[PDB]
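A, B, ... follow the sequence lines: proteins, then strands. Residue 1 opens every chain.
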Amino acid sequence: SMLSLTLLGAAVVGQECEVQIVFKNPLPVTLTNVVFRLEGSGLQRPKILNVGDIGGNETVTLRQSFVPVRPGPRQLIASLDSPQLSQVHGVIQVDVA
Amino acid sequence: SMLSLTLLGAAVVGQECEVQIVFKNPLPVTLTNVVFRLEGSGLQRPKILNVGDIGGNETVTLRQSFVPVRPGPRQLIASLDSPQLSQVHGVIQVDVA
Amino acid sequence: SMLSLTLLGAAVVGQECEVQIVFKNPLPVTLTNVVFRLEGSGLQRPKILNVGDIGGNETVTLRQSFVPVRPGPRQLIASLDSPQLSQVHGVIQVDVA
Amino acid sequence: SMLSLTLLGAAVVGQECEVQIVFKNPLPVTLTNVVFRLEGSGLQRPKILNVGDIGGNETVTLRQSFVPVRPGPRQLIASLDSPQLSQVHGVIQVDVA
Amino acid sequence: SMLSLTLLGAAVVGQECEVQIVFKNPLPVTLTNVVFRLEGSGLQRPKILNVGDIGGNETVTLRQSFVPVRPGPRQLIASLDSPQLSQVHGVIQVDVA
Amino acid sequence: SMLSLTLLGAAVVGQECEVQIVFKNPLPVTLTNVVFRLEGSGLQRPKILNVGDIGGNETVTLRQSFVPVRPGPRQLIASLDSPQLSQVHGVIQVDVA
Amino acid sequence: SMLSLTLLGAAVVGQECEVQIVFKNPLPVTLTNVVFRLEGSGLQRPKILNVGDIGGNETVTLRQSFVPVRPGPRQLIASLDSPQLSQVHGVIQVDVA
Amino acid sequence: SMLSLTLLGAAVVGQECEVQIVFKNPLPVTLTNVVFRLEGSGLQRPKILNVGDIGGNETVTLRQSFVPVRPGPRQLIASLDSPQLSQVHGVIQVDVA
Amino acid sequence: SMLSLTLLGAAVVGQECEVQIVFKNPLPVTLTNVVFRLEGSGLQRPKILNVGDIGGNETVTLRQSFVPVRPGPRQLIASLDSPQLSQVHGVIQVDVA
Amino acid sequence: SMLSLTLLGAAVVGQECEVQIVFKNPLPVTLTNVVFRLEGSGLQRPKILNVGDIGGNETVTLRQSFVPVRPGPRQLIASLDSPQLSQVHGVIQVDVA
Amino acid sequence: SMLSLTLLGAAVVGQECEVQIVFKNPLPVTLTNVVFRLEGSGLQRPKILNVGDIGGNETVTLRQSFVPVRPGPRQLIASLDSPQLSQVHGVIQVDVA
Amino acid sequence: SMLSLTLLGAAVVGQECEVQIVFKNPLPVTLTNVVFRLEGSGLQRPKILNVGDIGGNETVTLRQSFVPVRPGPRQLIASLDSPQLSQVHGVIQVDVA
Amino acid sequence: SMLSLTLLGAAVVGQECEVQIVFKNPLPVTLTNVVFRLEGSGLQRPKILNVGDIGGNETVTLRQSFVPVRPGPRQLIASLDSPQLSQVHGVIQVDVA
Amino acid sequence: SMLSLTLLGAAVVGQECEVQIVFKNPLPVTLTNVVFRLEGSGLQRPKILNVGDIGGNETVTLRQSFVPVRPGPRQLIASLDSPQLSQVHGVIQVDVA
Amino acid sequence: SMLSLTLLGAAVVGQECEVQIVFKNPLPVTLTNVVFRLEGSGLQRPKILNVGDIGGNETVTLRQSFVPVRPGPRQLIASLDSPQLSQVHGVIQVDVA
Amino acid sequence: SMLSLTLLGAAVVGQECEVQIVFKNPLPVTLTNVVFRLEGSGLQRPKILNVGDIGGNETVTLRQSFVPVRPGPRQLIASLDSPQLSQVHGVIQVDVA
Amino acid sequence: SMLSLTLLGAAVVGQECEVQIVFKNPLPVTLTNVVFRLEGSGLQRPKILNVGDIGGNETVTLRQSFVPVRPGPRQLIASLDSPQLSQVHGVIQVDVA
Amino acid sequence: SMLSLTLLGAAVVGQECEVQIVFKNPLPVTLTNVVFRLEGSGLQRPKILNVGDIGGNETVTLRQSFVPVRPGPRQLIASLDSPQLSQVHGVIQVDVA
Amino acid sequence: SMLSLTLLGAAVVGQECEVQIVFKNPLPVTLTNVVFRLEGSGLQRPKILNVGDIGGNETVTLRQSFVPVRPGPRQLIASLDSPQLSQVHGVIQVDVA
Amino acid sequence: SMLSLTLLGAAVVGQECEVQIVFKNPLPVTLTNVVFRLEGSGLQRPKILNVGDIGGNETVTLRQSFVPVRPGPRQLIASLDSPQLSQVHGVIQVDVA
Amino acid sequence: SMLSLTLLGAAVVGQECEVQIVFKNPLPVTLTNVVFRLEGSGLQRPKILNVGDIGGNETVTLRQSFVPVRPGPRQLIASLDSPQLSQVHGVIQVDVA
């Protein structure tokens with residue numbers, strides 16, 4: 001799906017930093033039991049966050065703060081888990097009289 | 001995978017309607033515990049159907065009737081769930097003497 | 001993901017044969033509870049192998065021997081299962097001061 | 001039309017084999033008196049099967065088993081006969097108030 | 001062949017409507033025993049019309065009225081049947097002295 | 001299918017002329033009850049010829065003489081009729097052990 | 001507009017010949033006072049024919065016979081005159097509730 | 001020429017509606033005796049409006065209200081008639097000392 | 001049609017100037033009642049000239065002198081009016097024996 | 001240069017025929033001593049015609065009648081001779097204050 | 001030239017097999033002394049066949065049976081020899097009055 | 001090789017006609033025993049002409065007259081035979097000190 | 001050939017002006033009897049200048065002054081006449097030992 | 001026009017050498033008073049040769065021997081002069097009945 | 001076919017030189033009676049060499065020494081003659097069981 | 001060949017770091033005496049590692065830890081040495097009966 | 001370099017087979033100590049052959065027979081080893097006076 | 001690698017000449033035991049030169065004089081040998097904190 | 001800038017030769033203190049020539065003779081020096097009232 | 001470099017006018033001794049202006065007023081002179097730890 | 001010209017570093033009075049180095065060490081000054097006999 005991450009400030013060892021996650025539900029159905037995770041070497045001990053069911057076609061944002069511990073090019077990895085994302089889907093528009 | 005849906009009649013509020021689902025197993029292995037679901041706003045309370053294991057390379061069809069309840073452009077969403085669809089696969093043709 | 005298979009010898013009914021599986025972890029995070037499976041008609045009763053967690057960005061190889069039982073064009077199918085492969089991921093490089 | 005054939009197992013002289021035929025009615029009208037035939041050198045004495053009228057836009061599948069008699073590259077030919085397939089058709093979508 | 005259909009008015013449930021069919025004989029030979037059919041869900045009980053042999057290269061038009069019975073996106077299907085349309089043809093221009 | 005016609009001499013009013021028809025069976029199955037017809041304005045009163053069943057993949061040739069009756073650019077039309085040409089076919093190569 | 005002409009036989013000095021004119025009204029409005037003309041050197045003294053108003057989107061055909069008087073490459077010119085063809089038009093589809 | 005139409009509100013049976021016509025004189029000369037017409041099935045009994053001569057290169061706008069009478073996809077057709085539009089023109093820029 | 005204009009000298013306020021008009025009849029029929037007009041701001045009070053019927057495929061030239069009255073970039077507009085230019089035409093080459 | 005020829009009627013052995021020659025002076029200078037020639041096998045004994053000096057940028061037309069003497073595909077060749085056509089020219093626009 | 005070969009059955013060691021050769025004379029002249037040869041390793045001891053002169057533009061077919069002696073991918077080579085095939089040719093269409 | 005033919009006059013039944021053959025030796029070696037042949041239906045009984053050895057890179061021309069006997073589109077075929085044209089050649093430029 | 005003209009100052013009515021002509025002999029042979037001419041409306045009464053034979057591959061320049069007499073966009077035309085420019089040439093590089 | 005030159009031997013100082021000139025008349029008319037010239041530095045004092053009128057569409061060849069006098073890359077220039085080559089031509093195919 | 005030549009040393013008048021010829025049999029059949037020839041102006045009096053039959057698909061090499069006699073750009077021409085090279089061939093891969 | 005390197009952690013002066021090397025044998029033959037080397041400025045004193053013969057088509061991985069000594073953009077260079085990598089190879093698939 | 005392999009017969013278990021190796025020295029220098037090797041699974045125990053120094057630009061061929069031992073798709077690998085193939089080369093053509 | 005050669009003067013038999021060799025080390029590692037060789041027919045008896053280890057990324061130049069002995073197009077070949085050039089390398093940029 | 005050089009004769013050791021230099025001032029300003037130099041190995045001891053200031057947009061030619069002293073491919077280098085050529089320029093056309 | 005000029009008002013003879021010059025230093029080094037010049041025919045007697053050293057990457061603007069003296073299309077030329085603009089430069093980004 | 005710079009080690013504040021400059025003379029003439037300069041912010045106080053005249057076509061290398069004083073992305077700029085680089089050049093290859 002289309003998950004994006006943006007830093008909302010500079011990243012400096014010690015200084016607090018903030019990232020925003022933006023996810024748009026690609027499906028016209030509700031995504032249930034949505035768990036977001038965030039990790040990265042020298043950045044953030046694995047964080048896990050509960051997200052409210054995401055209605056079909058809906059975008060959600062979340063903000064997460066972290067304090068970098070080690071300097072240099074480092075990765076921040078966000079993930080999203082829900083049962084509806086392991087299913088194969090098919091969609092048809094029905095134009096009802 | 002390649003799941004398709006086709007209406008087998010007109011969609012009118014009240015009048016019964018019928019959709020056919022066609023799924024071709026992309027894998028040369030059996031898909032087990034196959035559950036099909038069907039939903040859509042103003043169309044069909046979430047329907048869930050058991051499907052027999054789908055042998056490798058095999059296509060299955062199913063027909064499902066519904067009565068539209070609310071008019072206008074509406075979505076019908078079919079889904080397919082099986083453990084084998086969350087696995088990463090690799091295939092090589094072996095030409096045996 | 002990028003899973004590949006290579007035969008390390010000729011395939012003849014009776015004669016033992018060997019295939020190598022090479023998988024590169026696409027994610028910068030650890031893949032846990034990794035199970036590899038191997039099957040194919042006339043080739044190999046379903047084999048299941050435990051793999052050690054795969055660190056982020058890491059490649060693993062495995063060798064598996066089998067004795068073809070039936071001749072002709074036949075498929076060997078390798079699969080890989082891990083919870084981290086059913087999650088949607090997003091990655092940003094953070095350049096830390 | 002779009003008729004497809006898939007083998008549902010290996011082809012070996014003697015051993016039984018199975019093919020699946022998948023046909024999607026291209027027309028929004030019913031195909032009547034549908035006869036399917038199957039043949040091939042060294043494969044299958046000409047088999048002829050009755051198929052139920054195929055409603056407009058509908059897909060049908062059929063499974064047919066055969067025992068190869070002679071080895072090597074061989075053809076399996078499926079055919080479909082119905083009066084509606086020798087007619088020239090024209091279709092317009094009418095959007096009715 | 002090139003069969004076309006055009007509505008000669010608006011389509012409203014109840015109100016009479018009219019469609020014109022235009023067919024150009026692609027062959028330089030006469031099409032005999034030409035039967036035109038017209039159908040569509042919620043539009044027109046299957047209508048069947050006799051057409052006079054169509055000389056080579058000749059276009060014919062026909063007008064057919066119908067009363068839509070059910071609203072929404074609906075199909076009107078015209079067909080044309082003649083023995084000469086199931087034959088394979090080859091044409092050469094001979095420049096005679 | 002691929003039917004071709006070639007003149008085997010000049011076309012002059014009065015003078016006898018000869019055309020050759022070459023047809024290659026596109027299907028790997030036998031074409032039965034094959035009737036060839038030949039016509040053209042100012043060229044040849046409708047000629048009809050019986051052809052022997054055409055085995056799969058087989059080419060046949062036939063020669064037909066005519067005496068042009070009227071000068072100018074004129075058409076010669078050859079046709080081929082057989083029940084197997086109104087059927088929809090599907091072919092798969094089976095590689096048998 | 002799209003006016004077409006087709007010969008419905010060979011053209012020989014003396015022998016009668018026939019041409020068909022096919023015109024499709026490009027406008028969704030009625031073409032009134034429609035006059036068709038036909039001429040050509042060595043073919044047809046200027047012929048003028050009255051045509052019934054052509055409803056919007058409607059195709060009309062007409063057949064006209066002539067006797068060529070002089071041989072060689074010659075032109076047949078058909079024309080169509082109506083006041084509505086000298087007007088500049090603009091069309092918008094209005095989708096009415 | 002470039003005539004355009006725009007709806008200045010929604011189209012509902014009964015409710016009044018308004019369309020604007022915009023025409024830009026393509027010619028550097030005056031268009032005289034300019035008559036605009038407006039029609040459409042289920043929309044507007046043929047309306048005819050006098051327009052003041054349109055100076056060369058000049059754009060004019062006009063607003064026309066109508067009450068849709070019948071629902072569904074319907075056409076509104078605007079036309080423009082003037083003697084200068086049936087003439088063939090040629091333009092050269094002369095750069096005068 | 002293809003009307004062209006060329007200046008046959010320099011354009012200076014006061015000094016006489018000359019333009020040539022070249023028109024090639026696109027139609028294989030005669031253009032009757034041909035009126036040519038010439039105008040332009042600061043160039044030429046509207047001039048109107050009678051032209052002899054233009055036979056099919058024929059080119060005509062005319063020369064017209066004018067005295068520019070006002071300086072700067074100015075337009076000269078030539079027009080051509082004939083009833084045959086408001087008709088829709090169709091042409092077929094007939095090759096007569 | 002751009003010399004063109006058009007037949008102003010049909011070409012028949014015996015019958016008189018007419019061709020028009022159209023030449024546009026490509027040079028902004030006068031072409032002097034202009035001789036036009038016309039010839040063709042079975043068409044026209046070499047005809048030679050004097051043409052008046054052709055002012056710069058000027059088009060001239062001429063009509064020439066001939067009686068074909070021998071039938072079939074034949075060439076008509078027009079030529080134009082003037083001293084100014086064997087000179088190499090260069091042109092620059094000077095924009096004078 | 002365009003020589004083609006087609007198998008008219010399966011190729012099995014021992015079992016008889018049949019190939020058809022189709023050759024279309026590219027030249028509008030007669031090919032004389034035409035010898036066809038057929039060979040292939042493990043297929044057919046060199047066979048040589050006399051063919052009747054091939055008139056210009058004419059296609060000939062021939063059928064030749066062989067019994068494969070040795071298995072595997074094998075070549076069948078057909079050749080055609082005639083003096084007219086070692087000559088360099090040039091062709092012009094002459095349109096005779 | 002590059003053999004060309006040109007008619008040096010019109011082709012009329014009875015009237016004498018003339019064709020020129022132009023052949024450029026593609027090889028830097030001498031072509032010996034060069035025989036030219038000319039034929040065509042309704043044109044020229046097979047003519048055979050001796051040509052002098054053609055030095056490497058050399059062009060030769062020949063003129064041949066014939067009297068067409070039968071009218072219409074007809075072929076003239078020129079051929080060239082020499083032993084050096086059935087050989088496979090290879091050329092390298094050697095730059096000698 | 002490649003003749004160019006350049007103004008070596010501004011062009012103002014009255015004020016003297018200067019143009020340079022540059023011509024490069026395209027031929028490897030001498031151009032004899034070379035006459036250059038210069039003209040233009042409102043610029044320069046026809047000037048004629050003798051030029052010395054131009055050796056093969058040689059460029060010559062000439063300067064010519066004129067006084068514009070009339071303002072506005074005006075043409076200056078340079079020409080070059082020599083017998084060698086009306087000849088058709090062919091050039092081959094010979095590499096001599 | 002298309003004039004070509006070919007050396008018919010090696011070029012060595014002292015040794016005699018031979019060049020062939022091939023010219024194809026591009027015009028369907030006769031080229032009269034045809035003079036060919038040949039020159040080149042260190043190759044051939046200007047040679048001038050009379051050629052017989054070249055009928056329309058006709059190719060001529062000529063052979064000319066020379067003795068190179070000075071070594072190195074040198075040019076041989078052939079030219080062709082005739083009055084018909086300084087004329088502007090136009091050609092139309094007339095298809096005569 | 002693909003014949004190549006390579007010099008195996010420098011080419012100097014007097015000094016011996018060596019060329020290698022490499023030919024790959026394009027046909028899967030044997031080339032018999034293979035004669036190779038070598039010639040070139042100022043290089044090698046015509047040399048003729050017998051070559052052993054060339055089995056199908058086989059490459060042969062040959063070395064030939066010569067003493068250049070005359071300096072400058074010179075050609076060496078190798079040729080290959082065999083009856084099998086004047087035959088037209090057709091090849092099909094037969095996959096034998 | 002295709003050698004790749006991946007860091008399995010962040011690179012910080014002092015902190016230990018780990019790189020993985022992945023090499024796929026491109027050859028279907030065994031690579032013997034395989035030595036891997038690793039170096040880089042400010043990264044790793046030249047490390048040399050013995051690798052077991054690499055069977056044909058086989059991939060090997062190795063992990064190597066290092067402690068960066070100096071900061072900034074730095075190179076890590078892996079190399080692979082074996083005698084089989086300095087040989088030129090050619091491979092053909094033989095399909096054996 | 002460009003090493004090629006060709007089978008000179010069919011490959012059958014037991015039956016002797018023959019392959020030809022063709023190598024063209026890409027370098028203008030001599031390749032010394034040239035060793036060719038041949039191997040393949042189920043085909044040929046590693047064969048090693050001495051080759052004579054290969055002069056610059058020279059092609060060599062070698063024939064090697066083997067008896068396949070095991071059936072199916074199998075590889076034959078040829079290699080070539082020489083010190084000059086591990087060197088980096090640069091070549092410039094010097095044109096010496 | 002990128003080795004280049006440039007002549008630093010003209011090449012004449014007898015006269016001394018000079019070439020410069022420029023080699024840029026493609027690797028970020030040191031090339032050891034670097035031997036440069038120079039040869040060419042008629043140019044330079046094989047010269048061999050010791051070069052100092054080439055640090056990573058470093059370019060070296062060398063000048064070598066020779067006296068051409070034999071005239072004509074001749075090759076100068078430079079080579080470079082070092083153990084590091086027969087190794088397969090992989091490079092990753094590590095950005096160290 | 002655009003400086004060109006052309007030889008005005010053959011280059012032979014001893015024999016005098018002549019080159020022409022053509023330079024077009026790219027700038028609309030005067031180039032002052034213009035020095036031209038000419039040199040080349042075995043051609044011309046460095047020659048230096050004074051050139052008169054080159055007005056804006058002006059082309060100059062110069063002829064320089066030299067006697068080649070040494071044979072073979074040799075360079076002639078012309079240069080041009082002026083202070084205005086080391087300046088960076090910008091040009092705008094101002095259209096003044 | 002990138003020097004631009006813009007008029008900051010209309011250009012009229014007599015009326016004062018103003019141009020702005022904008023130059024961006026392309027080099028990361030200081031441009032010293034920078035002299036700007038401005039000239040144009042009928043515009044501005046050569047103006048010369050001192051500019052302060054231009055630091056690396058820096059843009060400077062200057063405004064210069066002039067009074068056009070003569071009308072028509074005229075050039076304004078700005079130039080820039082500095083020693084650093086006649087030097088050849090090379091730039092590498094060094095990323096320093 | 002083509003000047004390049006390469007670092008021959010890592011860049012760290014304090015630590016010594018080394019850059020190599022490589023310049024290839026683009027001109028076939030000698031570059032005299034060649035001065036190289038090197039500078040960069042936080043890298044190297046302006047260094048100036050004398051270089052020996054660079055013969056035509058010759059490459060020179062130079063090594064220069066510096067100690068970075070300030071960290072971060074910084075520029076090193078090399079320049080080259082010589083009078084011959086401000087001259088406009090033209091080169092022609094003369095092939096001398």
- prompt: Residues two or more places apart in sequence or in another chain: which of them pass side-chain hydrogen bond (donor to acceptor under 3.5 Å, both in side chains) with E/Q84?
  reply: E/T32, E/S82
Shortest non-hydrogen contact from [X] to [Y]?
X	Y	value
E/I77	D/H89	CG2-ND1, 4.3 Å
D/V96	E/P68	CG1-CB, 3.9 Å
D/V88	E/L85	CG2-CD1, 3.4 Å
E/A11	D/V94	CB-CG1, 3.5 Å
E/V12	D/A97	CG2-CB, 3.9 Å

query: Residues two or more places apart in sequence or in another chain: which of them pass side-chain contact (heavy atoms from CB on, under 4.5 Å) with D/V29?
result: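 Testing D/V29 for side-chain contact (heavy atoms from CB on, under 4.5 Å), a comparison that skips the adjacent residues, returns D/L27, E/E39.
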